[PDB]
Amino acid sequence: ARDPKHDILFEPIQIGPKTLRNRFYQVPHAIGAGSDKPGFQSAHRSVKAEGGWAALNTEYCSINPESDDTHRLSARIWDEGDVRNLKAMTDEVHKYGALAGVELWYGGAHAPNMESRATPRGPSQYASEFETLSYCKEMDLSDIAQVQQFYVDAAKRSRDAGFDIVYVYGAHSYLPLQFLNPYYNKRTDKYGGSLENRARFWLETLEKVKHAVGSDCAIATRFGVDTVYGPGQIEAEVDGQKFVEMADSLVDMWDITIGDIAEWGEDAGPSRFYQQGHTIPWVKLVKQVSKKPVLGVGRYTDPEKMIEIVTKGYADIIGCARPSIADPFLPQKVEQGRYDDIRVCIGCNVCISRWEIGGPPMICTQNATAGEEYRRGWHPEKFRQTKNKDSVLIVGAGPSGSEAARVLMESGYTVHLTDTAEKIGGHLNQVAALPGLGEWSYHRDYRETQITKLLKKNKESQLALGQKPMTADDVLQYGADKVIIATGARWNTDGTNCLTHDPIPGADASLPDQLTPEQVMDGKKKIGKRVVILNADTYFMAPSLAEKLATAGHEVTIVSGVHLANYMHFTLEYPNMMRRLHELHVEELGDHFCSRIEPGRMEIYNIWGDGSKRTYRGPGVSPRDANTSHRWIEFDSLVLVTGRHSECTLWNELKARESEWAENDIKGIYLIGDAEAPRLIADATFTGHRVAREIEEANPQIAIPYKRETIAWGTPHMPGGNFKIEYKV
């Protein structure tokens, strides 16, 4: 049963002409669907409606072709075709009693317009600090009236599509905020200078939107109350609160954020730098002056933290984005008191990384069904029950193995999960011990809690940890109907890397002066004062080890053959990571790799050291002048972060002895996770989820087709339009 203190989270709240059934609200957030993947958009938002979320919003929605985010994917409300596609979502959300909202967006020069090729307009002409090759035209008075009209027209179409909430989006340094912020606005007319002038564009837009649909829709506004850059941009207790007082009568609800667009990781705080409720100091400042309902995200996943901000008067509604992705049923679980069933977001920002890359669908480290609801028909809380009594043996309890176990158990199968390690988690148990990555353990905490609970529902199922390594013979004679090999991967020990695909002469982690990430994390092998980290991986390992070692007093130099922490650009961790490494005095040697290693020293070269001119010089000779940039650098300890390899020996033996499977009544053996190929934790988790869901298919090793959301030639996107080629002659 639910704890009485949590009752407040279930009181309804009035926002203009609408009523939220409870205080759980999904703020606008990208998922890689927009108006292009209507099924994905509707399924993803509707399961949350079913899960109890009071209101579900689309991601930023473009009001006009001149605010086109291509290559990134945004929603669009340009014409009737968009109204049709988006309605699929509002209809499905209404089905479960929730409200639907749309975030009206105009990006100024931040929108690159790679599809439309149109010219974006802004308060002053500037080149975006985010999209550095994108410039806008300074708006004259008629430009202003025209863009304001775009908002009105968009709001109208939104009502036609069935939206209950319409936002005038002024966060992440988009249009309304550009007029308000002196960083962008250099105008000297009535739209620049003083706060009243700078606030004018926003105030007029709100008034016009409210006039157009205010009687049928709640008018909300998203506001970046502080750009977190100090004086020079927006400060909460200067322009921030004053703007709120000015616009308060026009808005039905305030949705607050902090930060800009270049560093919106300040808003979507990664667990690496920010804890739950990190935004509170800024958000509370708004309630202090507003008379309207206020909400402000802060990666809220804990009901105790939720009631605290509400009772303390910091906010009236609990806005979430990531917590809703990780667990679409969070509100229901809280309502029913099923706290231990909550799948807590680990703040990894991998969901965000997909949006940032531009084009691919969202994925989630915790929830393997995110993005799969529509195309694969995977509901996060409903599983097809087996009609047979097959038992399954799973070797390996890491992200992939533990998820496969969990899903199979939920499906009614008898499961035997084994590992040599003492706890569920696999490599994730080491990774969560890296500086700042503590919350990533929730991934294994959740599976541990769930597997334990599920064991009680089937006494034939078993959890065997701290065991001796399973061997081919052990597996063949275990007596299980099907076997899942989820043995993982290990970091390369011989220098093997993506640049050469070959070992590096002299690399050997068994030597006393060389180490792998595993040896560093175990903390047994001695590490000298001067450390060089040789890197060929673009994610978190090298930067994280650098931080760990530097804080421990070592002198660290990273020699990187690939762009250091490239993937961190997408997870929004990059800016603060570079700052952290800088304050720790970590030296970076980019554009360099290693040709050979000796005890205490290694030979490095610039990767752009070969001659620029290509000349055919016949066989045996390189077509460019030789790279002569080689130089030696010394080290006390060399840490190798060159790549990973699948630990698939067990699998290889089983495959070699496949003729014996039948004799032992083994119907099939499958390879998943890192053992199949080193993946991101999210995908490792996904492979486990997939073989479990498809264990009864013809070949569970390979995925069955998913529904594709691509246009069918012959069908025009514009209702009643002509799909045929028509030249204007």
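Don't overthink the numbering: it's just position in the shown sequence, from 1.
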- Should the higher mean CA B-factor in the entry be assigned to 440-448 or to 128-136? 440-448
- Residue range whose averaged C-alpha B-factor is higher in the record, 367-375 or 233-241: 233-241
- Say you rank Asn566, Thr205, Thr628, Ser544 by Cα B-factor from the PDB entry; which sits at the top? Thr628
- Query: In the PDB entry, which of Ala171, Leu250, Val168, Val395 has its C-alpha at the highest B-factor?
  - Reply: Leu250
- Of the three thirds of Cα B-factor ranks in this chain, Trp53 occupies the middle
- Message: Among the modelled residues of this chain, does the Cα B factor of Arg45 put it in the lowest, middle or highest third?
- Response: middle
- What third of the chain, by the recorded C-alpha B-factor, contains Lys667? highest
- Among the modelled residues of its chain, does the C-alpha B-factor of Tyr183 lie in the lowest, middle or highest third? lowest
- What third of its chain, lowest, middle or highest, does the C-alpha temperature factor of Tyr413 fall into? highest
